[PDB]
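Colleague:
Residue numbers (the deposited numbering), protein chains in the order written: chain 1B, 0, 2 to 65, 75 to 135; chain 1A, 0, 2 to 65, 75 to 136; chain 1C, 0, 2 to 65, 74 to 135; chain tC, 0, 2 to 65, 74 to 135; chain UA, 0, 2 to 65, 75 to 136; chain UB, 0, 2 to 65, 75 to 135.
1. Does the beta-carbon of residue 33 (chain 1C) have 16 or more other beta-carbons within 10 angstroms, so that it is buried, or is it exposed?
2. Can you find a heavy atom of the ligand HEM that lies under 7 Å from the Cβ of residue 42 (chain 1C)?
3. Pull up the distance between the alpha-carbon of residue 26 (chain UB) and that of residue 61 (chain UB), whole angstroms please.
4. Spell out whether any CB of chain UA is found under 8 Å from the CB atom of residue 107 (chain UB).
5. Taking residue 119 (chain tC) and residue 24 (chain UB) to be in contact with their CB atoms under 8 Å, please state how far apart those CB atoms are, rounded to whole angstroms.
6. If we call anything under 8 Å between Cβ atoms a contact, is residue 128 (chain tC) one with residue 134 (chain UB)?
7. Is there contact here, the stretch 77-97 of chain 1A with the stretch 96-113 of chain 1B, by at least three beta-carbon pairs under 8 Å?
8. Which chain UA residues are close to residue 32 (chain UB), counting only those with a beta carbon under 7 Å from its beta carbon?
9. Could you work out which residue in 124 (chain 1B), 14 (chain 1B), 10 (chain 1B) and 47 (chain 1B) is closest to residue 14 (chain 1A) when comparing CA atoms only?
10. Is residue 13 (chain UB) close to chain UA, meaning its C-beta is less than 8 Å from at least one C-beta of that chain?
11. How big is the Cα-Cα spacing for residue 58 (chain 1B) and residue 115 (chain 1A)?
12. I'd like to check one pair, residue 88 (chain UA) with residue 143 (chain UB): are the Cβ atoms closer than 8 Å?
13. How long is the line joining the alpha carbons of residue 104 (chain UA) and residue 104 (chain 1A), rounded to whole angstroms?
14. For residue 65 (chain 1A), go through chain UA and note every residue whose CB falls closer than 8 Å to its CB, in chain order.
15. If you draw a straight line from the C-alpha of residue 35 (chain UA) to the C-alpha of residue 43 (chain 1C), how long is it?
16. Among the residues of its own chain, which have a CB less than 8 Å from the CB of residue 92 (chain UA), if the five just before and after it don't count?
17. Residues in the same chain with beta-carbon distance under 6 Å from residue 77 (chain 1C), minus the five sequence neighbours each way, listed in chain order, please.
18. Could you compute how far the alpha carbon of residue 100 (chain tC) sits from the alpha carbon of residue 51 (chain 1A)?
19. Check the Cβ-Cβ distances between residue 38 (chain 1A) and every residue of chain UA, and say whether any is below 8 Å.
20. Considering only their Cβ atoms, is the gap separating residue 49 (chain tC) from residue 49 (chain 1C) smaller than 8 Å?
21. Taking just the CA atoms, how far does residue 30 (chain 1C) sit from residue 83 (chain 1C)?
22. Whose Cβ in chain tC lies nearer than 7 Å to the Cβ of residue 41 (chain UB)?
23. Pull up the distance between the alpha-carbon of residue 109 (chain UB) and that of residue 45 (chain tC), whole angstroms please.
24. Can you say whether residue 85 (chain 1C) is buried or exposed, counting buried as having 16 or more other CB atoms within 10 angstroms of its CB?
25. Please decide whether residue 124 (chain tC) counts as near chain UB, where near means a Cβ-Cβ distance under 8 Å.
26. Here's the rule: buried if 16 or more other CB atoms are within 10 angstroms of the residue's CB, otherwise exposed. What is residue 40 (chain tC)?
27. Taking Cβ to Cβ, would you say residue 38 (chain UA) is nearer than 8 Å to residue 6 (chain UB)?
28. Between residue 75 (chain 1B) and chain 1A, is the shortest Cβ-Cβ distance under 8 Å, so that the two count as touching?
29. Any Cβ of chain UB within less than 8 Å of the Cβ of residue 120 (chain tC)?
30. Is there at least one Cβ from chain tC nearer than 8 Å to residue 27 (chain 1C)'s Cβ?
31. Secondary structure at residue 65 (chain 1A), three-state DSSP: helix, strand or coil?
32. Going by other Cβ atoms of all chains shown within 10 Å of its Cβ, with 16 needed for buried, is residue 107 (chain 1B) buried or exposed?
33. Are the CB atoms of residue 139 (chain tC) and residue 74 (chain 1C) nearer to each other than 8 Å?
34. If you reduce the DSSP assignment to three classes, tell me which class residue 107 (chain UB) lands in.
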């Protein structure tokens, strides 16, 4: 995964992916995909990326129907699901709000529990 | 493939992926990713998207190092390269030029081989 | 800390050391050093000193990762550096006045008996 | 020095490290720390960081004053700190531009063969 | 090759050297050097650089007139011609045009042979 | 080496290479290459020439690990080192200053020792 490491060291880079624990489960994340694609018109390039991304999860899920080999796919599904959910948040809240929101989550989850305070408020559907 | 099928059944859709017979090998495609990512400044959102797909492809290749599982994964890798390779040409030529170039190949490929003629050349690089 | 004693009498002096229990583990502290450096667009002399200070911790981690007195001595140096590094991160993220003002409230809040503490003080907003 | 690599590409960056042979022994370096602090009348944030940095050396001196790898490791940390402390002393006494400008002349002067070096470069005036 | 590797890992880098499979033979390349150098006026700094490389290549060829030594030198000569030949095209076509022409060959060469198509032509000569 | 002779007979040509004796030793000359390339940004065409030139010396140096054949490489290393050092001087002092400085060196080194006087002052880092 050296490719992402190079980007993470670049100038003006802000992470847009939530921690694995905070990411929803599969399937339920896919439900939001239909609520966006089916409810959208005037196709745009980003809509194809999500479709070409969501369908990969289904193929991996269908593969459930070597165990170390199988374990790799399960991690991949979570990785793709984490990436896929980021676009869903990017679509609802835009891009700027997600940048600030993700930054606060890290601080609240990094400081010791004795001084965290309260979980930061997620952004609004503006 | 239902999700991609829905997108194709839309208005304003423009396919940007070349036929599988023209995409380079996975190793070659990853080579261009490093050159583009390494020689870039002022990180842009699309750069992260390209990197994430490259990371996913690497994991599958490492996993290769159960026949339905093995055979199915190979198809995913080929699809991943096609999606990633088509995104590279957007950076080199441009999305507008890619549409015509992909469209030209389709008519050229669909035309009978007897009178097919010379293959059209790729567009000019983005300035 | 004889040098520190030479700074207490100075007019504009402040105690730039958060409680030892407040700071997280060294690994997490270094993680936020990259984010502040990566996010920053321009350059100031302070970040260069910050970058060098963090680098020393990694060598100490690698170096640490009859000898008990020295092995224990290395840990104390690493922890002390983390507090100083963690102080800069907090002050930059929130502000010098807010951190010092916040520290006094929480420091007194813990001292007050639990039967009358009430609620914990206001955590500074990221601004 | 991965963090340092993140600062080289920055526009306003300079190499703030004099040659190891140029700096004196640690004891002499700490001696001039008091003079700059004692002479100074007002307070700025930089001296507070300088005071803390010097204090760490004294603990290392006391701490240093199968164990060979760690004992040798402590010496390297002390020497590296002295260069950074010695750099600040020189820049403050003479100036940032003069020190960097002077370093290049002397660095090249030594490289030139003795048969054609001539005379040593100009030592910066105390101003 | 560390030094060249460092340059490739920079921003604004543009490779100007063709693949070794396309460079002419060393004798042919030296032929163009004489024509350019002989038919020139108002000596320019780049002219000296081209001449010096040509002189170095000649010495190696004369030296040919120990297998690791002999084999290693032949690789140097081929590299020398590639570096020298790439510099000739800068004078004929131009640096800007060379970048695209070299870039076009890379995509053309990387594209699968089945659908590779006609080889792109060189740019127009500098006026 | 007839190629350089043709250039040396051209109009408006000024030598920028110091005598062999005044040129530093190898390796130490290479140290300045790193201090320039590693400290440089916004790659420029000349930076590639130095890299493609310095690396040749390393290959020749590695060859140390037929003696008339070997002697040829040693002379080549000095020749390349002399050429490589000229670029280093050209980078620090520019081009105009080096032209004048090299000219004075020749006069001081050509006149008899009874009338040389003092070695000319090398230029400054302007």
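Cβ coordinates follow ideal geometry from the N, Cα and C atoms, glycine included.
Modeller: Reading off the structure:
1. buried
2. Among the components of this structure there are no ligands whatsoever, and the ligand HEM is therefore not found.
3. 9 Å
4. no
5. 5 Å
6. no
7. no
8. Those do not exist, as residue 32 (chain UB) stays about 12 Å from chain UA at its closest Cβ, beyond 7 Å.
9. 47 (chain 1B)
10. yes
11. 29 Å
12. This structure cannot speak to residue 143 (chain UB), because chain UB is shown only from 0 to 135.
13. 27 Å
14. The contacting residues do not exist; residue 65 (chain 1A) stays about 24 Å from chain UA at best.
15. 50 Å
16. 17 and 53
17. none
18. 46 Å
19. yes
20. yes
21. 16 Å
22. 9
23. 48 Å
24. buried
25. yes
26. exposed
27. yes
28. yes
29. yes
30. no
31. coil
32. buried
33. The structure shown has nothing for residue 139 (chain tC), since chain tC only spans 0 to 135.
34. helix
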